[PDB]
Each structure stands twice: as C-alpha cells, then as structure tokens.
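Observations on the three-dimensional arrangement
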Amino acid sequence: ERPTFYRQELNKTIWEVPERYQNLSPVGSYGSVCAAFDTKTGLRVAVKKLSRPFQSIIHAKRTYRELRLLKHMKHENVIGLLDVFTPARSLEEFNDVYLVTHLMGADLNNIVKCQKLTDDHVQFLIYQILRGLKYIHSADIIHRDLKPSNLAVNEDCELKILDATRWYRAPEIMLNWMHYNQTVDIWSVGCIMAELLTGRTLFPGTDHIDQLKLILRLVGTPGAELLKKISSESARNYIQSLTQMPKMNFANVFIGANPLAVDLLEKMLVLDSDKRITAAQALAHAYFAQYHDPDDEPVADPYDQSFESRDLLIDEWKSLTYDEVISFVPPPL
Ligand SMILES: Cc1nc(Nc2ncc(C(=O)Nc3c(C)cccc3Cl)s2)cc(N2CCN(CCO)CC2)n1
Ligand SMILES: CCCCCCCCO[C@@H]1O[C@H](CO)[C@@H](O)[C@H](O)[C@H]1O
C-alpha cells in the first residue's frame, strides 16, 4: 500500500518523498519547488513542499484551499495535480504536504521575448487560454490574476493556466470595486493578446493611478450608460470632472493586425465589464475558426466553495486536508 520514502536535504529542510520521484533539484522558493523525474510515469515533474502548512488557522485554510482547487482542475489548458502525498502514516503524525504537477519549461514572457508573434501563433495561444478560462469560469471560479507569468507552455506550444503585476489588471480591480465578475479575466486576456500581436505591453502603467490613465486613453471615459451603474458618490463626481475622451478606433491602434484579431480585442477591452465578451463567446468568434471545436471545449464539475465562508480550528482544517490527501486519485496516465 504505502510507497517507500527517502529523505534528502533540499533548500535547508529535510524533504521526504516516494522513491518514484528521482533527482530532486530545487528551482524555486509559501513553499519551495523542486524539479524531479517521475520513474513511474516517465514524466518530469514539479514537486512542491508546502511551507508551514498548519502553523495557524490562516495557513491551514490556505493549504486546504490550494489542495481543494488543484484537485478539482482536470483540463488540458489548466494545471492539474499528478499526485499529492505525505510521509505521515496517520492524522496524528500529519505535518507535511507535497503537491506534484507536470514540470512546465517556460511561461509567456519567455515565448514573446518582446518580439511579435505571428497571427497564427497568437490564435493558438489565445484559443487555449480561452478554452482553459471557459472551464474555470464554468466552475464559478475567477482567476483574478491572469498574466504572462501565470501562463505556462511546453515545446509544442501547449499552454496551461497556472496560479509589473498591475499591467493585465481590469480597471474595476484597480478601483477596488469588490463585485467582480468573470470578465475581469477577459480584460486580462485582451491585454495579453495585444502584447503578443505587437510585442509591446498595452498598458505599462508606472504606478497605480498611471495604470488607469493609460487604460482610459485607449477605451474612452465612461459613457452615459456606464455612469448609470456607478453607486459610489466619490467615483461619479471625479469621473464627471474629467475631460471626456473618445474611445480610440482599435483598427487605427493595432496597425496591420488581422481585422478579426482587432474585432476580438474591441470585444474584450470594453470598460463596462457587463459588455465584455465571455470566454465561451470568444471561442465561437471567427478569429478562432481553425481551432474551435464545440465537441472539445469541456466544462467543469460544480466546485463547492462553501468552505470559504467558514471559520474553523487549525485541527479541523488539518483533518479536512488529510481527508483530501487520502481520497486523492491519480489522473489516467
Ligand atoms: C520555478 C520554476 N518552475 C518551473 N516549472 C514549473 N512547473 C510547475 C511548477 C509548479 O509550481 N507547479 C505547481 C503549481 C503551479 C501549483 C501547486 C503545486 C505545484 Cl508543484 S514550477 C521551471 C523553472 N525553470 C527555471 C529556469 N530554467 C533553468 C535555466 O537554465 C529551467 C526552468 N523554474
Ligand atoms: C475611472 C475608470 C472607470 C472604470 C469603470 C469600471 C467598469 C467596470 O464595469 C462594471 O464592473 C462592475 C464590477 O464588477 C459591475 O458591477 C458593473 O455592472 C460594471 O458596469
């Protein structure tokens, strides 16, 4: 039943892992991650030892959250769990949690290299992002922090969504709006897509307020219909005092780009989050003609997020985490 574990010192703690995982090699330091080779599967994997997983109520809930989330994600364009383990033989000894994923070799900073991608290559990368987003959103989950560094790719350009840092952020998050919808991630995708087509950051704001300034120069100041939906007295009054800027014509901003790409960008980067295109709708858009397949753009099982409202003791989060470790089933090889 239980695999045989071995001990090895790695970034100044004692890691303890099943024999199947060979040649651990630190690559990052919440938790440290080593690259490794999984002899059972012939896969190169990332093994993450969680740091201080049950040191406080907050740590324990965070551990449980991360485990719950990774266990739920089962989709080609989203990072999944290959394995989860502990050296512990019972709940009473349970102090350590290790998570295992595919070892991703690069992210979308490394692929762009600040040089333009071809339009065919942007189609394939954005398609995959949207395919992953459809899945995530169908589980009633919002990513909230999509950016090139959270987008990992292999050598065949197969992409997985993972989880300056303000450049890809929807204006309503910059404003602390608090009732975010799923199209915040769509905003992020438009920013990424722009950058891939042009080789340049769309909105490289220097500071917080500068980020909003650059955003408004592209998409115009709020229209009459948007203004009706703003409950904040301070926001309305400040917005009403700005010199009204015209939304720019994206066709005369993204010069020589596929006009289908431009049309899609217009539908993603609408100031009004209620009027942004959804991921499912973006997949049906003619820009993705050569990739779109309704038979193979799957949705997720319902994801039970009720734990998030709960205030439980360290030992209760720990036992729930231990239940999740014990129930884990490896994906089909
Ligand atoms: C930090 C790092 N990650 C790499 N790949 C990763 N794949 C999966 C990872 C991972 O974190 N998964 C994961 C997640 C996402 C959540 C929970 C649990 C887990 Cl386990 S991290 C590669 C890499 N390289 C450094 C630079 N190069 C040397 C240059 O000569 C080689 C490549 N560096
Ligand atoms: C000065 C910069 C103006 C930014 C305008 C923010 C537009 C965001 O769009 C708004 O998103 C809210 C948050 O989810 C929704 O509740 C509103 O219905 C929607 O119109």
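Calculation rules
- Residues numbered from 1 in each chain as written, not as in the entry; some residues may be left out.
- Chains lettered and ligands numbered in written order.
- Heavy atoms only, no water.
- Residues with missing side-chain atoms left out of burial classes, pairs and counts.
- UniProt positions renumbered as here; feature names shortened; annotations may be inferred.
- Helix = DSSP H or I, 4+ residues; strand = E, 2+ residues; numbered from the N terminus.
- Contact = heavy atoms within 4.5 Å.
- Expected span 1.5 Å × (residues − 1).
- Near = heavy atom within 4 Å.
- Polar contact = N/O pair within 3.5 Å; in protein donor to acceptor, adjacent residues only side chain to side chain.
- Areas by Shrake-Rupley, 256 points an atom, 1.4 Å probe, with all protein chains shown as cover.
- Axes fitted to C-alpha atoms, helices over the stretch in contact; angles between N-to-C directions.
- Parallel < 35°, antiparallel > 145°, perpendicular 65-115°, else oblique.
- Left-handed = near helix turned anticlockwise from the far one by under 90°.
- Nonpolar A, V, L, I, M, F, W, Y, C, P; charged D, E, K, R; others polar.

Per the deposited record, determination of this structure is attributed to X-ray crystallography, with the resolution reported as 2.100 Å.

1. So, the UniProt feature "active site" in the chain
Feature annotation in UniProt assigns "active site" to the following positions: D163. With respect to the secondary-structure elements, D163 resides in the loop between β10 (159–161) and α4 (171–174). Sequence-distant contacts of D163, that is, excluding residues within four places in its chain, are made with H143 and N150.

2. Quick look at helix α11 (residues 314–327)
Compared with an ideal rise of 1.5 Å per residue, which puts 14 residues at 20 Å, α11 spans 20 Å between its outermost C-alpha atoms and is within 8% of the ideal. The inward-facing, buried residues of α11 abut α1 (57–72) and β6 (83–85).

3. Some details on the site of ligand 1
The immediate surroundings of ligand 1 are formed by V27, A46, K48, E66, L99, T101, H102, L103, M104 and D163. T101 has a polar side-chain atom sitting 2.9 Å from a nitrogen atom of ligand 1. Taking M104, its main chain carries an N or O atom lying 2.7 Å from a nitrogen atom of ligand 1. Notes on ligand 1: free accessible area 730 Å², of which the protein chains cover 58%. Secondary structure elements with two or more residues in the shell around ligand 1: β5 (43–50) and β7 (98–102).

4. What to know about the packing of α1 against α11
Where α1 contacts α11, the two axes come as close as 8 Å, and the packing angle between them is 20°. In terms of orientation, α1 and α11 fall into the roughly parallel class. Crossing hand, α1 versus α11: left-handed. Facing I57, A60, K61, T63, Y64, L67, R68 and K71 of α1, the residues of α11 in contact are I314, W317, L320, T321, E324, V325 and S327. A class-by-class count of the residues in the contact of α1 with α11 yields 8 nonpolar, 3 polar and 4 charged.

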